[PDB]
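Encoded as structure tokens, the structure appears first; notes follow it.
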Amino acid sequence: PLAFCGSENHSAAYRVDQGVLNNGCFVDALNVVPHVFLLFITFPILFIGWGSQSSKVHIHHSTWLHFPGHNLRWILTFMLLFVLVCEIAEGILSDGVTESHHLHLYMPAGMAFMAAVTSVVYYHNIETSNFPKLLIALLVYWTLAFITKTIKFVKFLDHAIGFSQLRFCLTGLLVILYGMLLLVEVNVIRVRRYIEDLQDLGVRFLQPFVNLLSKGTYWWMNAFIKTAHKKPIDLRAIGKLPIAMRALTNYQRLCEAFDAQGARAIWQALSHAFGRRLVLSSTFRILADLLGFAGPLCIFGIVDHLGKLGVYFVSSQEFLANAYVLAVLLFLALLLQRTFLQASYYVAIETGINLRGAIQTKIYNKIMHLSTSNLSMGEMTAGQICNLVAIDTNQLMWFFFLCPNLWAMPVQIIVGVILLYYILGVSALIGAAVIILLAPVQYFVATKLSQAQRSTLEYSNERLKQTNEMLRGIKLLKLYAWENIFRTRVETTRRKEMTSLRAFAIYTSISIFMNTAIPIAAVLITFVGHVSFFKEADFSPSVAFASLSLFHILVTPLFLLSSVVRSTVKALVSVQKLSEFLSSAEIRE
Amino acid sequence: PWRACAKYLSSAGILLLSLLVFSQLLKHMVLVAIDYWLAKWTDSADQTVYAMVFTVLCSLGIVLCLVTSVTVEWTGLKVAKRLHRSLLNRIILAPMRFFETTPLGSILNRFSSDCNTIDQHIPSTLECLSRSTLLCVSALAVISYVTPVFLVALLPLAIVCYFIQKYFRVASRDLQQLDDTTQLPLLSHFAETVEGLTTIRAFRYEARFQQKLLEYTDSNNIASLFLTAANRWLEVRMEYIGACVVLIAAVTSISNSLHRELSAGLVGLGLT
Amino acid sequence: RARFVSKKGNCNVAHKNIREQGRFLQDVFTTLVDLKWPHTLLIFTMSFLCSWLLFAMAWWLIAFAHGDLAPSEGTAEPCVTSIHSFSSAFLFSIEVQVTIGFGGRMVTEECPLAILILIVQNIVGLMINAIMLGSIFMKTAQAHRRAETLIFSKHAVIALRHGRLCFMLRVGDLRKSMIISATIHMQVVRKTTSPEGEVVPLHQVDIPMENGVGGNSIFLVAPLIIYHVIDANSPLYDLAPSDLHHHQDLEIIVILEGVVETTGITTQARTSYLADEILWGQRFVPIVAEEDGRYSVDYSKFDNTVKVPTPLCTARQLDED
Amino acid sequence: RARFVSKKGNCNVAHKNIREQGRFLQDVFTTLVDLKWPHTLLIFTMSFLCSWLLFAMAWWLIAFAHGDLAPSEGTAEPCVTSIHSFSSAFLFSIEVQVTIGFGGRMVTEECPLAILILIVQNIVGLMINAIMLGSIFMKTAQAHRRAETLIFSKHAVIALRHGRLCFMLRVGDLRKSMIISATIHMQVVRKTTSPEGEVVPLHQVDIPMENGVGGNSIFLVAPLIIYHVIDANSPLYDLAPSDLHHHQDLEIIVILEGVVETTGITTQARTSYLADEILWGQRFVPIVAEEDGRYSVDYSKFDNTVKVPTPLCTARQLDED
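Which chain is which? The protein sequence lines are A, B, C and D, in order. Going by full-length UniProt numbering, the letters in the first sequence line up with residues 2 to 196, 208 to 273, 283 to 329, 341 to 621, in that order. Going by full-length UniProt numbering, the letters in the second sequence line up with residues 996 to 1040, 1059 to 1285, in that order. Using full-length UniProt numbering, read the third sequence as starting at 32 and increasing by one per residue. Using full-length UniProt numbering, read the fourth sequence as starting at 32 and increasing by one per residue.
What follows is the structure, encoded as structure tokens:
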């Protein structure tokens, strides 16, 4: 059948014998009326307003202003959805303990789920207005809903329902998040007082100025995708840059880093220029794959279970033990992990693009105060100057693309082996072959790779300056018949660069062989050391497949560790060549 | 596809391309064989027969990744040498009418940056490409082995991933090309401010060419930022599709091992 | 190159980058009746279903609060008789609010809060009965659908009448109903600049129709010839016949507007005319024939032309001989 | 110093010391629909509650008069079945008057005075159903809320066009709906005296808009420039640029009025312009751009000005060289 409590005793559970709030059926019956208040007032305001007034007409595509409490209310609304889908999964299978379909456990949370998504689209559309008088009833929603949850919550204390009940910990968290949603709405009352950048036509990038869910998922990048099949995109339809991330603004930040004050001077001034956006990128890179370690705990939790008031209210440890709730926890954790990894990748490439703008302006201001005795007599060639912008900034930019992975590999591998110690014990310390093997042999191939890269970069600069005097001097070489002699001179210096590449290729090959060869030896040494020599402990399938996904998630940045030790040595010699160019001989005024 | 990668394979050679595809096919087959023997060995209810064949199949794994590693360094070395010294021999016998009509910076640009990405950037990218796509299709093979109604979950999902691939692709055939539309001025502008430095300091137009380089760097950084934001939009879309693949495979392996028999390790194969 | 308003009569504007959307919320009624027909039908049944669901939860909550949903009862009367589900209260809110009122579900005299929610039920249900039925009658009662039954010419012409160049077209009505106080506004619209250098981009200047008095008021039963004398005060005074070509910024809008006789609600039809839509030198066919006691208009010969030799020069060059 | 009508468009008058309030009682309907929204809602539910309470006392009095409230009874039928309280008769008057009609309370055929009060119940209840639902539809259906979606300029300007000083402003519509027969009335209003000594305190004199014909009728889709040529017959003829300052008795009212297309009910928006609101010498920005097949109006550049050098003298001093 159906109703909004069950027909279990069939004459009980709708009864009012005391005052009416003593029924738990009555307090989750009262827990739907703020949500249907918010749905049933906010549906005709959203239908005649933002959307379906035929909003093909444009109501300021650019200059999206953000309120006080924006970047807080979206994280709190996603925390409401993280507690509320868990409240849905708690109401189900406490429904499924007995029969005949209790709807009072999870239909209030589903009405709160629809109220949560309509309140966040109402807050985004009031943030398009700057008309916060048309906010105001949403604030009334929070001083409905919170109060009703506290009239739930003291009736958890009145029937002495403890902390080991899961819905106690759910609804106390819901009481305090409704409380801080009230605190941020009186913070909008504090500073806006109901009782923008001058974003012009030239800004068309919007990702500093869009909302946080479109900062994560790039909903602004559906436009310039759907219109790309209409029109081929050109240089005026992408617009101009904003004022932050201007090349002169990053140039002014680099001169402010310079006068605050060698190779250590340009490195420490570079970290003083860009380190706060760098630690934002690596902080997102810390929280990404710390979310991903809840992957293998879910793997152990589902195949551990698959290897195997009157109780039905409480669930907590069996709520963590069941399989479908861990699968939707895997879905929400993997959604949130790929969102933080793509956000970290965006702000790392954005900091590197601003650095390419800043040192291209600083390398041109070195060029405008350069004496021409360095070009003419001896030292600098014009091929080396256009390689110093065209190659030797791009190697540094690729190092700043790969920098927060270098800052987030130790917090991945240490929390991975401590979670290996939780899932396997000291038999997982037979697989400490990564920490007794990896970093001295990667430093040994970092020394051999860097000596090969220094010899390869000087041979490449000699081959490019020899091809630059070759190709400008074609007509004298074809008019005096020395082209085979000059081709053999390029061929011998090409053979020197080819032998430097041959040493580079055998050292790169032995590092990528050790890089993919040690984790399959780690699953060898953990699976044979669990069974043999530490004999008759256990061998479940559960910690076996949990440690297999743990060793695969250890090996997944290990294949990028060979890419990052392919990097940084061009950055070190590029900063060395840039400090040698930036301390060249200049013009006295 | 394009013809020129087969040109790459005729500068590789038939023994290199066949040794490459043989080494990748047996290395990915021996890692899915060590996963299937982890399925056979974790379902206990004869011991060390499984551990003996586990150790020698892992010995096939480390020698197959060794011959993977040396075949990708030797195909990088042979296309490094072979795509030099033939372009060098075609440019040493050329007419003067070819040099007087073509721009010289184009020919030195293919001698410099294109030869740099052939001898440097391409063989690890080849390794990561072929390793990742054979890991993806062997993962699709072991997931489609266990839960065959995931074959029904083959039918929209990769296809609509193919559809959003087409909904990317011509925009990238705009926009990456638009990056080269603001790449080719700016370094040439650096060429114009190295052959003419005494003239520009004689004319005192240094702030004007400074402002022109600020405009060129503004256009180049907004084209790299829009190519960046298209790339991370495309990756957050398709990794949301991949987490949806994880969800539908997870709920059909839990629903097909609760009520059917999958022996509690094949679900670990599909989930890993 | 493009049209200001199409040959149907819909405009071609965009209205980009508006800011004050708070005054869009300061009229809800024109924004309610301004919508399309699935939007009007969806806001109709969503308004009534939101009313019936909200009071269904109110009647189910007050039946839970009296304990009448608990069947362990004695001889005490309920608030509402025979409610034992949510769907019984949904049936009861449908019976009360649109006043069907069956009576197996009826409300007794036990608690007064049921009487207070019954009072506020028929107040807001009677109120949104008035708002929604007057809104759907105002949606069907607009008169621009009458503007779909008013034909203009497909081609306007320029010919000679009374020694002068005149701009002529033909307006016809399909109905035997009338148009009360039929007003004609003919605007030329092009990018004109000032002599002082103010360039205004889409300039509308009113030309007058020729009437006999000069008041813009006609009497439309037959298809007539609206004609404008191109004199020196007209802004068509230096129009050449070589200017009548595609990609030429010169547009005519004719606007026929007035009350339609059988609703009392005013309408406005509009038609543009482009430079490749204006035919030089031609004139319209006589289309009204009198036979067997009846005047009669052929409508198949509406936009046909019976082309006459004209001077191929401007009206400023009509001032000599 | 103070405004005649504010920049919203509400007037600033008082109407003190009226005597004939008997003619205020000679229209009850415009005074009914003239009220504010809590006054209209309070007279709505107080009209229906006064009807239900008055007939509740009538049905309870006739149930007392038949003795049916006395439960010491035999097999004689009541007038109305199952009434045994005042609240049962209040339920019965609610069931009859808005015609819910449940039927546990039903009226039998015993006495005819119940039939006479049932006849007069549905006559005055059906009558005030018609008056109150047509009144609340006439309350929501007024068109001055459409006057909240019509923007004028924040600053009117005075510039040069065709050799003459002209008073210009910009009117825009936010909607894709239309205004049927858009009439412009521009009145200057100031304290003028007569030459004979009659000082009249707030004088309104009509200036004409420049149209091309002279009829005050525009066609509003784009924001246009309403401009008035300051000639010798205008009363702005001796206006200096030094007069444009605060505390100067010179006010402009522009009045845009006409039928809105989707209701058929006429509206009127109005905007004043003060002497420190009129900018001398400036002109308006071109705001309409044509791109990808669409004309498009920027609304952020609405009241911006692109100031031009002008003669700093009156239009009477424009008559020399």
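Cβ coordinates follow ideal geometry from the N, Cα and C atoms, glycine included.
Look up C:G203 in the DSSP assignment and give the residues it is bridged to. Bridge partners of C:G203: C:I182.
When burial is assigned at 16 or more other CB atoms within 10 Å of the CB, is A:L362 buried or exposed? Under a 10 Å Cβ-count criterion, A:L362 is classified as buried, with 16 or more other Cβ atoms of the shown protein chains found around its own Cβ.
Across the region 41-53 of chain C and the region 310-317 of chain C, are there enough close Cβ pairs to call them in contact, namely three or more that are closer than 8 Å? Counting Cβ pairs under 8 Å, fewer than three are found: no touch.
Given D:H278, which residues of its chain have a CB within under 7 Å of its CB, disregarding the five upstream and five downstream residues? Counting only Cβ-Cβ distances below 7 Å, and skipping sequence neighbours, we find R32.
Looking at the C-beta of A:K394, does it have a partner C-beta in chain B at a distance below 8 Å? Chain B contact via Cβ: absent.
So for D:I189, helix, strand or coil by DSSP? DSSP places D:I189 in strand when its eight states are reduced to three.
Within 10 Å of its beta-carbon, does B:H1272 have 16 or more other beta-carbons around it, so buried, or fewer, so exposed? B:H1272 should be labelled exposed.
Identify the residues that DSSP records as bridge partners of C:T223: which are they? Note: C:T223 sits in a beta bridge opposite C:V231.
Name the chain A residues whose beta carbon is nearer than 7 Å to that of B:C1174? Result: empty, since nearest Cβ-Cβ is about 15 Å, beyond 7 Å.
Hey, is B:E1274's beta-carbon within less than 8 Å of any beta-carbon in chain A? Judged by the 8 Å Cβ criterion, B:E1274 is not in contact with chain A.
Residue environment, D:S103, which counts as buried when at least 16 other CB atoms sit within 10 Å: The residue is exposed, with fewer than 16 neighbouring Cβ atoms inside 10 Å.
Identified DSSP bridge partners for D:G289: In the DSSP output, where bridge partners are listed per residue, D:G289 has D:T298.
For a test of the three-state rule: what should DSSP assign to A:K227, helix, strand or coil? Of the three classes helix, strand and coil, the one that applies to A:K227 here is helix, per DSSP.
Which same chain residues, not among the five before or five after B:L1240, have their C-beta less than 7 Å away from its C-beta? Around B:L1240: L1188, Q1189 and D1192.
Examine the ligand SAM and report whether any of its heavy atoms sits within less than 7 Å of the Cβ of C:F183. Absence of the ligand SAM from the depicted structure is noted, as is the absence of any ligand whatsoever, leaving it without description.
C:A300 beta carbon less than 8 Å from that of C:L181: Contact flag set, yes.
Contacts around C:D237, its chain only, beta-carbon distance under 6 Å, and the 5 residues preceding and following it disregarded: These residues qualify, in order along the chain: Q218.
Quick one: which chain B residues come within Cβ less than 9 Å of A:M409? In chain order: nothing, as chain B lies at least about 14 Å away.
Member of C:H216, C:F333 and C:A178 whose CA lies at the smallest distance from the CA of C:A253: Looking at C:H216, C:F333 and C:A178, the one whose alpha-carbon comes closest to that of C:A253 is C:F333.
Should D:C81 go down as buried or exposed, given a rule of 16 or more other Cβ atoms within 10 Å for buried? Taking all protein chains shown into account, D:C81 has fewer than 16 neighbouring C-beta atoms within 10 Å of its C-beta and is therefore exposed.
Ranges of the beta strand (DSSP E) found wholly within the region 545-580 of chain A, counting only runs of at least 3: Taking 3 residues as the shortest admissible run, the region 545-580 of chain A contains no complete beta strand (DSSP E) segment at all.
Have a look at C:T61, C:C344, C:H276 and C:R201 and flag the residue whose alpha-carbon is nearest the alpha-carbon of C:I256. Among C:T61, C:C344, C:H276 and C:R201, the Cα nearest to that of C:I256 belongs to C:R201.
Alpha carbon to alpha carbon, how far is A:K252 from B:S1232? About 7 Å.
Apart from the five residues on each side of it in sequence, which residues of its chain come closer than 6 Å, Cβ to Cβ, to C:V260? Sequence-distant partners of C:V260 (beyond 5 residues in either direction) whose C-beta falls short of 6 Å from its own C-beta, in its chain, are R195, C197 and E241.
Measure from the C-beta of C:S113 to each C-beta in chain D and report whether the shortest distance is under 8 Å. The Cβ of C:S113 sits no closer than 8 Å to any Cβ of chain D.
Going along chain A in order, which residues have a C-beta closer than 7 Å to the C-beta of C:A107? Under the 7 Å cutoff, chain A gives no residues; its nearest Cβ is about 12 Å from C:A107.
Examine the Cβ distances between the region 480-490 of chain A and the region 362-374 of chain A and report whether three or more of them are shorter than 8 Å. As far as the Cβ criterion goes, the region 480-490 of chain A does not touch the region 362-374 of chain A, which means the pair count is below three.
Output the residue ranges of the alpha helix (DSSP H) runs that lie fully inside the region 119-198 of chain D and measure 4 residues or longer, sorted by chain position. Correct list: 144-171.
Touch check for the region 163-175 of chain C and the region 54-67 of chain C: three-plus C-beta pairs under 8 Å? Counting Cβ pairs under 8 Å, three or more are found: they touch.
Buried or exposed (CB count within 10 angstroms, at least 16 for buried), A:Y263: A residue is called buried once 16 or more other Cβ atoms fall within 10 Å of its Cβ, and A:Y263 is buried on that count.
Excluding the five sequence neighbours on either side, which residues of its own chain have a C-beta within less than 6 Å of the C-beta of A:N10, listed in chain order? Nothing meets the Cβ criterion.
Let me know the secondary structure DSSP gives D:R325 once reduced to three states. DSSP places D:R325 in the strand class (E or B) of the three-state scheme.
Give the residues of chain C in contact with A:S130, contact being defined as C-beta atoms less than 7 Å apart. Under the 7 Å cutoff, chain C gives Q52 and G53.
Interface residues of chain F around A:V447 at Cβ under 7 Å? Judged by its chain identifiers, the structure shown contains no chain F, and its protein chains are A, B, C and D.
Check the DSSP bridge columns for D:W311 and list the partner residues they point to. Per DSSP, D:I189.
Within 8 Å (strictly less), CB to CB, does B:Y1158 reach chain A? So no, B:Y1158 is outside the interface.
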